[PDB]
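Worksheet: one structure, shown below.
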Amino acid sequence: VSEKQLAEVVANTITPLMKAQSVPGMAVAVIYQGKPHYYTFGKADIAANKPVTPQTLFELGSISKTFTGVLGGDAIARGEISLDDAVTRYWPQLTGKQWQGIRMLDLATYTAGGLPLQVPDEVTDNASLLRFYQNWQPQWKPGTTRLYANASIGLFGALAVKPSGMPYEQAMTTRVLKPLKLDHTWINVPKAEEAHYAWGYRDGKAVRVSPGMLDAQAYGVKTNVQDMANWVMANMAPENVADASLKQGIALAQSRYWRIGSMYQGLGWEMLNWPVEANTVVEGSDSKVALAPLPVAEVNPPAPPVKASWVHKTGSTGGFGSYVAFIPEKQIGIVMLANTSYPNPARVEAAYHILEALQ
Ligand SMILES: *[B@@]1([O])O[C]([C]C([O])=O)[C]=[C][C][C]1[N]C(=O)[C]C1=[C][C]=[C]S1
Ligand SMILES: [Cl-]
């Protein structure tokens with residue numbers, strides 16, 4: 001499949017998508033034959049008439065969780081934490097007896113027993129954060145029910161960096177971003193970079209993400225399409241990652257911990273076995289499945305990375321919608337960054353269609 005044909009397949013999928021979903025701007029990377037290929041469409045900022053470029057910063061939303069998963073894996077590989085350890089090992093002040101039996105694994109993979117999708121808006125400091133988790137009453141025993149949640153993996157990422165003594169942003173930069181040369185990926189956008197920051201859009205209004213507790217760990221990363229392509233490349237082919245603990249952390253994040261229907265839960269990353277049909281992946285992305293509390297089948301010991309996987313993550317904020325998927329066996333992958341949050345099934349369908357052209 002030539003560069004020219006690939007550019008046509010991308011244009012012919014994305015242009016109708018943007019029209020149908022009222023998306024002002026998109027940046028796309030396709031990973032193919034050892035390198036990224038970049039396609040940019042529309043506007044980063046409508047009022048200012050600024051085009052999307054390969055340097056335009058997008059809000060990743062929950063694709064931030066893949067960075068959380070890999071940083072946590074790296075901590076495991078340094079010997080600083082174990083997924084088998086009790087959450088209370090890293091938070092001794094968390095004295096409530098309901099936390100017994102809840103492992104760092106459970107926090108990382110949404111199986112703690114019903115931690116909710118969000119940290120409540122009244123949580124504004126450490127005292128309030130502690131109170132929230134102290135007062136939480138699990139609806140299910142640990143290791144029985146997956147409920148996708150910021151309050152779960154968010155807390156995992158905060159606790160994962162504690163033994164290192166490093167704050168979370170610092171740990172992420174030193175241990176994940178810098179070694180991979182992701183030098184335009186930000187939890188907090190510096191002043192000097194602000195001109196690259198797209199506006200998000202919802203129902204015609206410009207919007208950007210506001211602060212919340214555990215945001216950095218759950219939904220706070222911003223990045224451009226070059227850094228995201230290289231992030232996808234590193235996760236798709238970790239054999240080329242030099243730092244030993246980081247390479248193992250990447251493997252840990254794509255390891256299978258639980259089966260839930262047709263999908264498997266990694267650390268941030270989710271996986272289906274390849275080959276998989278589009279309707280299987282599309283159906284799973286629907287909110288009525290994706291947000292539901294669902295029974296789990298344990299994968300113990302965790303299964304190491306399966307090369308024949310569809311590996312993916314969707315993420316949104318108020319004004320952005322992003323999606324990434326890759327197939328390590330085929331060495332193909334895609335990044336779709338957009339400045340409006342459009343339906344996840346639509347992201348999956350487009351990503352699957354483009355990657356199908358490469359098979
Ligand atoms: B995150 O982006 O993940 C999505 C995944 C999906 O769409 O199935 C859903 C919920 C949690 C995450 N999103 C949010 O927390 C919403 C926002 C965060 C900041 C502003 S809105
Ligand atoms: Cl600690």
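Each chain in the structure tokens gets a letter, A, B and so on, in the order shown; residues start at 1 in every chain, and ligands are counted from 1 in the order they appear.
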Around ligand 2, which protein and nucleic acid residues have at least one atom no more than 9 Å from it, if we count only C-alpha atoms and all ligand atoms? List them as a VMD selection string. chain A and resid 80 to 81 89 to 92 159 to 165
Env of residue 321 in chain A: 9 Å cut, atoms = only C-alpha atoms, seq-sep filter 3 positions within chain, self excluded. Answer as a ChimeraX atom specification. /A:58-61,200,314-318,336-344,347
Output file for the selection above: C-alpha atoms, as a PDB file, in the first residue's frame:
ATOM      1  CA  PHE A  58      -5.066  18.172  21.902  1.00  0.00           C
ATOM      2  CA  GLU A  59      -6.622  17.100  25.185  1.00  0.00           C
ATOM      3  CA  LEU A  60      -6.287  13.272  25.354  1.00  0.00           C
ATOM      4  CA  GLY A  61      -8.887  12.806  28.095  1.00  0.00           C
ATOM      5  CA  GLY A 200     -12.123  22.195  22.247  1.00  0.00           C
ATOM      6  CA  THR A 314     -10.646   6.029  23.681  1.00  0.00           C
ATOM      7  CA  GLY A 315     -10.675   9.291  25.639  1.00  0.00           C
ATOM      8  CA  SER A 316     -12.664  12.462  25.813  1.00  0.00           C
ATOM      9  CA  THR A 317     -12.893  15.754  27.670  1.00  0.00           C
ATOM     10  CA  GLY A 318     -15.741  18.341  27.283  1.00  0.00           C
ATOM     11  CA  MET A 336      -7.052  10.180  15.755  1.00  0.00           C
ATOM     12  CA  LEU A 337      -7.102  13.457  17.709  1.00  0.00           C
ATOM     13  CA  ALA A 338     -10.121  15.736  17.419  1.00  0.00           C
ATOM     14  CA  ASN A 339     -11.354  18.951  18.971  1.00  0.00           C
ATOM     15  CA  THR A 340     -14.884  17.790  19.566  1.00  0.00           C
ATOM     16  CA  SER A 341     -16.080  14.736  21.486  1.00  0.00           C
ATOM     17  CA  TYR A 342     -18.013  12.625  18.945  1.00  0.00           C
ATOM     18  CA  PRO A 343     -19.430   9.116  19.556  1.00  0.00           C
ATOM     19  CA  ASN A 344     -16.910   6.399  20.403  1.00  0.00           C
ATOM     20  CA  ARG A 347     -14.076   6.525  16.300  1.00  0.00           C
TER      21      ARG A 347
END
Write out as a PyMOL selection string the set of residues from range 12-147 of chain A that DSSP, computed on the backbone, places in strand (DSSP E or B). chain A and resi 25-32+35-45+50-51+57-59+86+103+145-146
Distance limit 9 Å, reference ligand 1, atoms considered: only C-alpha atoms and all ligand atoms. Which residues make the cut? Give them as a ChimeraX atom specification. /A:60-65,117-118,148-150,208-212,215,218-220,285-287,289-291,313-322,341,343-344
At a cut-off of 8 Å, using only C-alpha atoms, what residues contact residue 54 in chain A? Leave out same-chain residues fewer than 3 positions from it and give the result as JSON, numbers by chain. {"A": [27, 38, 40, 224, 225, 226]}
From the set A:57, A:354, A:299, A:276, which residue has the shortest atom-to-atom contact distance to residue 190 in chain A, counting only C-alpha atoms? A:57
Residue set, range 199-299 of chain A restricted to helix (DSSP H, G or I), as a PDB file with N, CA and C atoms, in the first residue's frame:
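The result, written out as part.pdb:
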ATOM      1  N   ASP A 215      -6.633  14.566  38.173  1.00  0.00           N
ATOM      2  CA  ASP A 215      -6.790  14.802  36.732  1.00  0.00           C
ATOM      3  C   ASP A 215      -5.610  14.301  35.892  1.00  0.00           C
ATOM      4  N   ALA A 216      -4.401  14.533  36.398  1.00  0.00           N
ATOM      5  CA  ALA A 216      -3.177  14.198  35.680  1.00  0.00           C
ATOM      6  C   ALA A 216      -3.144  12.690  35.443  1.00  0.00           C
ATOM      7  N   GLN A 217      -3.559  11.934  36.472  1.00  0.00           N
ATOM      8  CA  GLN A 217      -3.546  10.478  36.462  1.00  0.00           C
ATOM      9  C   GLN A 217      -4.700   9.887  35.633  1.00  0.00           C
ATOM     10  N   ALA A 218      -5.826  10.595  35.508  1.00  0.00           N
ATOM     11  CA  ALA A 218      -7.020  10.004  34.892  1.00  0.00           C
ATOM     12  C   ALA A 218      -7.353  10.599  33.496  1.00  0.00           C
ATOM     13  N   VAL A 225       0.172  15.298  17.651  1.00  0.00           N
ATOM     14  CA  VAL A 225       0.075  14.074  16.887  1.00  0.00           C
ATOM     15  C   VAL A 225       1.433  13.382  16.677  1.00  0.00           C
ATOM     16  N   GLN A 226       2.527  14.127  16.713  1.00  0.00           N
ATOM     17  CA  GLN A 226       3.859  13.528  16.558  1.00  0.00           C
ATOM     18  C   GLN A 226       4.202  12.740  17.806  1.00  0.00           C
ATOM     19  N   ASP A 227       4.097  13.373  18.966  1.00  0.00           N
ATOM     20  CA  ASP A 227       4.358  12.667  20.213  1.00  0.00           C
ATOM     21  C   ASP A 227       3.428  11.454  20.404  1.00  0.00           C
ATOM     22  N   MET A 228       2.146  11.611  20.068  1.00  0.00           N
ATOM     23  CA  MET A 228       1.215  10.485  20.185  1.00  0.00           C
ATOM     24  C   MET A 228       1.579   9.322  19.247  1.00  0.00           C
ATOM     25  N   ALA A 229       1.991   9.625  18.008  1.00  0.00           N
ATOM     26  CA  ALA A 229       2.434   8.561  17.087  1.00  0.00           C
ATOM     27  C   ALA A 229       3.622   7.795  17.684  1.00  0.00           C
ATOM     28  N   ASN A 230       4.530   8.552  18.285  1.00  0.00           N
ATOM     29  CA  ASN A 230       5.723   7.964  18.857  1.00  0.00           C
ATOM     30  C   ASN A 230       5.416   7.196  20.160  1.00  0.00           C
ATOM     31  N   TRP A 231       4.487   7.723  20.960  1.00  0.00           N
ATOM     32  CA  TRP A 231       3.897   6.957  22.037  1.00  0.00           C
ATOM     33  C   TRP A 231       3.305   5.652  21.554  1.00  0.00           C
ATOM     34  N   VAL A 232       2.488   5.703  20.503  1.00  0.00           N
ATOM     35  CA  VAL A 232       1.910   4.448  19.960  1.00  0.00           C
ATOM     36  C   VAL A 232       2.990   3.499  19.450  1.00  0.00           C
ATOM     37  N   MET A 233       3.955   4.029  18.718  1.00  0.00           N
ATOM     38  CA  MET A 233       5.070   3.217  18.214  1.00  0.00           C
ATOM     39  C   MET A 233       5.812   2.489  19.343  1.00  0.00           C
ATOM     40  N   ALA A 234       6.096   3.200  20.445  1.00  0.00           N
ATOM     41  CA  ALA A 234       6.832   2.617  21.592  1.00  0.00           C
ATOM     42  C   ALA A 234       6.049   1.498  22.248  1.00  0.00           C
ATOM     43  N   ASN A 235       4.732   1.694  22.362  1.00  0.00           N
ATOM     44  CA  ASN A 235       3.875   0.667  22.959  1.00  0.00           C
ATOM     45  C   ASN A 235       3.658  -0.527  22.001  1.00  0.00           C
ATOM     46  N   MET A 236       3.672  -0.251  20.696  1.00  0.00           N
ATOM     47  CA  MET A 236       3.514  -1.288  19.656  1.00  0.00           C
ATOM     48  C   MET A 236       4.768  -2.153  19.503  1.00  0.00           C
ATOM     49  N   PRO A 238       7.935  -2.336  21.828  1.00  0.00           N
ATOM     50  CA  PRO A 238       8.792  -2.009  22.966  1.00  0.00           C
ATOM     51  C   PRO A 238      10.201  -2.600  22.927  1.00  0.00           C
ATOM     52  N   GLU A 239      10.440  -3.579  22.042  1.00  0.00           N
ATOM     53  CA  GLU A 239      11.779  -4.113  21.855  1.00  0.00           C
ATOM     54  C   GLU A 239      12.772  -2.998  21.514  1.00  0.00           C
ATOM     55  N   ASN A 240      12.303  -1.934  20.868  1.00  0.00           N
ATOM     56  CA  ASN A 240      13.165  -0.796  20.515  1.00  0.00           C
ATOM     57  C   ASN A 240      13.317   0.250  21.611  1.00  0.00           C
ATOM     58  N   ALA A 244      15.455  -0.242  30.522  1.00  0.00           N
ATOM     59  CA  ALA A 244      15.035  -1.600  30.834  1.00  0.00           C
ATOM     60  C   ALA A 244      13.720  -1.651  31.612  1.00  0.00           C
ATOM     61  N   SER A 245      13.580  -0.796  32.628  1.00  0.00           N
ATOM     62  CA  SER A 245      12.374  -0.781  33.433  1.00  0.00           C
ATOM     63  C   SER A 245      11.159  -0.252  32.641  1.00  0.00           C
ATOM     64  N   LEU A 246      11.413   0.727  31.776  1.00  0.00           N
ATOM     65  CA  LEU A 246      10.368   1.332  30.934  1.00  0.00           C
ATOM     66  C   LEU A 246       9.848   0.302  29.937  1.00  0.00           C
ATOM     67  N   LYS A 247      10.764  -0.435  29.344  1.00  0.00           N
ATOM     68  CA  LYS A 247      10.389  -1.515  28.449  1.00  0.00           C
ATOM     69  C   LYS A 247       9.518  -2.578  29.125  1.00  0.00           C
ATOM     70  N   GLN A 248       9.868  -2.944  30.356  1.00  0.00           N
ATOM     71  CA  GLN A 248       9.051  -3.887  31.122  1.00  0.00           C
ATOM     72  C   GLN A 248       7.707  -3.267  31.531  1.00  0.00           C
ATOM     73  N   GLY A 249       7.691  -1.968  31.812  1.00  0.00           N
ATOM     74  CA  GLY A 249       6.471  -1.259  32.201  1.00  0.00           C
ATOM     75  C   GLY A 249       5.468  -1.204  31.071  1.00  0.00           C
ATOM     76  N   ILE A 250       5.980  -1.018  29.874  1.00  0.00           N
ATOM     77  CA  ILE A 250       5.149  -1.092  28.681  1.00  0.00           C
ATOM     78  C   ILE A 250       4.518  -2.475  28.522  1.00  0.00           C
ATOM     79  N   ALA A 251       5.309  -3.524  28.700  1.00  0.00           N
ATOM     80  CA  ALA A 251       4.808  -4.910  28.670  1.00  0.00           C
ATOM     81  C   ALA A 251       3.755  -5.152  29.758  1.00  0.00           C
ATOM     82  N   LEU A 252       4.029  -4.666  30.961  1.00  0.00           N
ATOM     83  CA  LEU A 252       3.065  -4.796  32.066  1.00  0.00           C
ATOM     84  C   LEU A 252       1.720  -4.130  31.772  1.00  0.00           C
ATOM     85  N   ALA A 253       1.767  -2.992  31.090  1.00  0.00           N
ATOM     86  CA  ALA A 253       0.562  -2.230  30.808  1.00  0.00           C
ATOM     87  C   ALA A 253      -0.323  -2.919  29.736  1.00  0.00           C
ATOM     88  N   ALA A 278     -15.026  -5.725  13.195  1.00  0.00           N
ATOM     89  CA  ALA A 278     -15.325  -4.347  13.565  1.00  0.00           C
ATOM     90  C   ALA A 278     -16.516  -4.314  14.512  1.00  0.00           C
ATOM     91  N   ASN A 279     -17.572  -5.080  14.227  1.00  0.00           N
ATOM     92  CA  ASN A 279     -18.761  -5.010  15.072  1.00  0.00           C
ATOM     93  C   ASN A 279     -18.498  -5.410  16.522  1.00  0.00           C
ATOM     94  N   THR A 280     -17.572  -6.344  16.756  1.00  0.00           N
ATOM     95  CA  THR A 280     -17.196  -6.724  18.130  1.00  0.00           C
ATOM     96  C   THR A 280     -16.607  -5.502  18.901  1.00  0.00           C
ATOM     97  N   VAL A 281     -15.628  -4.840  18.279  1.00  0.00           N
ATOM     98  CA  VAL A 281     -14.984  -3.681  18.890  1.00  0.00           C
ATOM     99  C   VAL A 281     -15.961  -2.505  19.003  1.00  0.00           C
ATOM    100  N   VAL A 282     -16.730  -2.235  17.950  1.00  0.00           N
ATOM    101  CA  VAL A 282     -17.699  -1.145  17.984  1.00  0.00           C
ATOM    102  C   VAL A 282     -18.742  -1.297  19.090  1.00  0.00           C
ATOM    103  N   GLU A 283     -19.339  -2.497  19.198  1.00  0.00           N
ATOM    104  CA  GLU A 283     -20.354  -2.847  20.217  1.00  0.00           C
ATOM    105  C   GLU A 283     -19.820  -2.628  21.636  1.00  0.00           C
ATOM    106  N   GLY A 284     -18.577  -3.076  21.873  1.00  0.00           N
ATOM    107  CA  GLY A 284     -17.924  -2.911  23.175  1.00  0.00           C
ATOM    108  C   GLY A 284     -17.717  -1.451  23.597  1.00  0.00           C
ATOM    109  N   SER A 285     -17.548  -0.560  22.625  1.00  0.00           N
ATOM    110  CA  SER A 285     -17.275   0.883  22.883  1.00  0.00           C
ATOM    111  C   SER A 285     -18.524   1.671  23.250  1.00  0.00           C
ATOM    112  N   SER A 287     -21.487   3.189  25.211  1.00  0.00           N
ATOM    113  CA  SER A 287     -21.559   3.561  26.631  1.00  0.00           C
ATOM    114  C   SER A 287     -22.309   2.553  27.494  1.00  0.00           C
ATOM    115  N   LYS A 288     -23.313   1.878  26.933  1.00  0.00           N
ATOM    116  CA  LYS A 288     -24.112   0.934  27.742  1.00  0.00           C
ATOM    117  C   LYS A 288     -23.289  -0.304  28.140  1.00  0.00           C
ATOM    118  N   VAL A 289     -22.240  -0.599  27.374  1.00  0.00           N
ATOM    119  CA  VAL A 289     -21.261  -1.612  27.763  1.00  0.00           C
ATOM    120  C   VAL A 289     -20.106  -0.968  28.536  1.00  0.00           C
ATOM    121  N   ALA A 290     -19.468   0.031  27.932  1.00  0.00           N
ATOM    122  CA  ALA A 290     -18.234   0.605  28.465  1.00  0.00           C
ATOM    123  C   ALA A 290     -18.366   1.183  29.868  1.00  0.00           C
TER     124      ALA A 290
END
All residues 12 Å or closer to residue 116 in chain A, only C-alpha atoms, same chain fewer than 3 positions away omitted, as a ChimeraX atom specification: /A:107,110-113,119-120,132-133,136-139,146-155,291-293
Written selection (N, CA and C atoms) as a PDB file, in the first residue's frame:
ATOM      1  N   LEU A 107      -7.041  -1.463  41.967  1.00  0.00           N
ATOM      2  CA  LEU A 107      -7.167  -0.030  41.691  1.00  0.00           C
ATOM      3  C   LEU A 107      -6.816   0.275  40.259  1.00  0.00           C
ATOM      4  N   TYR A 110      -9.708  -1.291  37.809  1.00  0.00           N
ATOM      5  CA  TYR A 110     -11.134  -0.937  38.003  1.00  0.00           C
ATOM      6  C   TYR A 110     -11.914  -2.071  38.688  1.00  0.00           C
ATOM      7  N   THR A 111     -11.217  -2.946  39.432  1.00  0.00           N
ATOM      8  CA  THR A 111     -11.876  -4.087  40.099  1.00  0.00           C
ATOM      9  C   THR A 111     -11.899  -4.038  41.627  1.00  0.00           C
ATOM     10  N   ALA A 112     -11.743  -2.825  42.171  1.00  0.00           N
ATOM     11  CA  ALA A 112     -11.756  -2.611  43.626  1.00  0.00           C
ATOM     12  C   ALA A 112     -13.103  -2.916  44.284  1.00  0.00           C
ATOM     13  N   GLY A 113     -14.192  -2.877  43.509  1.00  0.00           N
ATOM     14  CA  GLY A 113     -15.523  -3.186  44.018  1.00  0.00           C
ATOM     15  C   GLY A 113     -16.560  -2.077  43.920  1.00  0.00           C
ATOM     16  N   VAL A 119     -14.075  11.228  40.890  1.00  0.00           N
ATOM     17  CA  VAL A 119     -13.825  11.784  42.199  1.00  0.00           C
ATOM     18  C   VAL A 119     -14.829  12.937  42.380  1.00  0.00           C
ATOM     19  N   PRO A 120     -15.600  12.962  43.482  1.00  0.00           N
ATOM     20  CA  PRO A 120     -16.606  14.012  43.689  1.00  0.00           C
ATOM     21  C   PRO A 120     -16.023  15.443  43.671  1.00  0.00           C
ATOM     22  N   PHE A 132     -13.119  10.965  51.175  1.00  0.00           N
ATOM     23  CA  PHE A 132     -13.831  10.296  50.099  1.00  0.00           C
ATOM     24  C   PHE A 132     -13.565   8.783  50.107  1.00  0.00           C
ATOM     25  N   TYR A 133     -12.294   8.385  50.099  1.00  0.00           N
ATOM     26  CA  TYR A 133     -11.953   6.962  50.043  1.00  0.00           C
ATOM     27  C   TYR A 133     -12.244   6.231  51.359  1.00  0.00           C
ATOM     28  N   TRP A 136     -16.025   5.465  51.351  1.00  0.00           N
ATOM     29  CA  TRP A 136     -16.569   4.656  50.255  1.00  0.00           C
ATOM     30  C   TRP A 136     -16.922   3.278  50.714  1.00  0.00           C
ATOM     31  N   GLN A 137     -18.145   2.835  50.394  1.00  0.00           N
ATOM     32  CA  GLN A 137     -18.652   1.491  50.750  1.00  0.00           C
ATOM     33  C   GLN A 137     -18.745   0.630  49.471  1.00  0.00           C
ATOM     34  N   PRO A 138     -17.820  -0.336  49.289  1.00  0.00           N
ATOM     35  CA  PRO A 138     -17.828  -1.172  48.089  1.00  0.00           C
ATOM     36  C   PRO A 138     -19.158  -1.901  47.893  1.00  0.00           C
ATOM     37  N   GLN A 139     -19.683  -1.889  46.676  1.00  0.00           N
ATOM     38  CA  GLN A 139     -20.894  -2.636  46.356  1.00  0.00           C
ATOM     39  C   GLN A 139     -20.577  -4.108  46.048  1.00  0.00           C
ATOM     40  N   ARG A 146     -15.754  -5.301  37.248  1.00  0.00           N
ATOM     41  CA  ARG A 146     -15.066  -4.189  36.647  1.00  0.00           C
ATOM     42  C   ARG A 146     -16.027  -3.034  36.518  1.00  0.00           C
ATOM     43  N   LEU A 147     -15.655  -1.887  37.091  1.00  0.00           N
ATOM     44  CA  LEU A 147     -16.350  -0.621  36.823  1.00  0.00           C
ATOM     45  C   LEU A 147     -15.346   0.476  36.429  1.00  0.00           C
ATOM     46  N   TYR A 148     -15.307   0.788  35.140  1.00  0.00           N
ATOM     47  CA  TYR A 148     -14.430   1.821  34.608  1.00  0.00           C
ATOM     48  C   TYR A 148     -14.534   3.128  35.402  1.00  0.00           C
ATOM     49  N   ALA A 149     -13.405   3.639  35.892  1.00  0.00           N
ATOM     50  CA  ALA A 149     -13.429   4.701  36.891  1.00  0.00           C
ATOM     51  C   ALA A 149     -12.150   5.492  37.000  1.00  0.00           C
ATOM     52  N   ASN A 150     -12.291   6.819  36.960  1.00  0.00           N
ATOM     53  CA  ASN A 150     -11.232   7.743  37.290  1.00  0.00           C
ATOM     54  C   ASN A 150     -10.807   7.626  38.735  1.00  0.00           C
ATOM     55  N   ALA A 151     -11.765   7.476  39.647  1.00  0.00           N
ATOM     56  CA  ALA A 151     -11.457   7.351  41.067  1.00  0.00           C
ATOM     57  C   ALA A 151     -10.598   6.102  41.384  1.00  0.00           C
ATOM     58  N   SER A 152     -10.665   5.069  40.524  1.00  0.00           N
ATOM     59  CA  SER A 152      -9.832   3.869  40.666  1.00  0.00           C
ATOM     60  C   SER A 152      -8.384   4.012  40.120  1.00  0.00           C
ATOM     61  N   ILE A 153      -8.226   4.073  38.799  1.00  0.00           N
ATOM     62  CA  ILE A 153      -6.886   4.205  38.202  1.00  0.00           C
ATOM     63  C   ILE A 153      -6.207   5.546  38.591  1.00  0.00           C
ATOM     64  N   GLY A 154      -6.987   6.596  38.799  1.00  0.00           N
ATOM     65  CA  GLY A 154      -6.428   7.868  39.288  1.00  0.00           C
ATOM     66  C   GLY A 154      -5.662   7.722  40.590  1.00  0.00           C
ATOM     67  N   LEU A 155      -6.281   7.049  41.554  1.00  0.00           N
ATOM     68  CA  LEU A 155      -5.615   6.776  42.826  1.00  0.00           C
ATOM     69  C   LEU A 155      -4.428   5.823  42.682  1.00  0.00           C
ATOM     70  N   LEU A 291     -19.527   1.718  30.236  1.00  0.00           N
ATOM     71  CA  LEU A 291     -19.694   2.307  31.575  1.00  0.00           C
ATOM     72  C   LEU A 291     -20.332   1.371  32.595  1.00  0.00           C
ATOM     73  N   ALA A 292     -20.760   0.190  32.167  1.00  0.00           N
ATOM     74  CA  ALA A 292     -21.461  -0.750  33.013  1.00  0.00           C
ATOM     75  C   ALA A 292     -20.526  -1.487  33.973  1.00  0.00           C
ATOM     76  N   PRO A 293     -21.047  -1.830  35.180  1.00  0.00           N
ATOM     77  CA  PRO A 293     -20.373  -2.737  36.064  1.00  0.00           C
ATOM     78  C   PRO A 293     -20.568  -4.150  35.525  1.00  0.00           C
TER      79      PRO A 293
END
Pick from A:181, A:78, A:37, A:259: nearest to residue 300 in chain A, with only C-alpha atoms counted? A:259
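Minimum atom-to-atom distances from A:254, A:262, A:13, A:93 to residue 326 in chain A were compared using only C-alpha atoms, and the lowest value belongs to A:254.
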Nearest to residue 359 in chain A: which of A:194, A:177, A:32, A:223 is it, counting only C-alpha atoms? A:32
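Comparing A:49, A:185, A:88, A:135 by their smallest distance to residue 169 in chain A, the closest is A:185 (using only C-alpha atoms).
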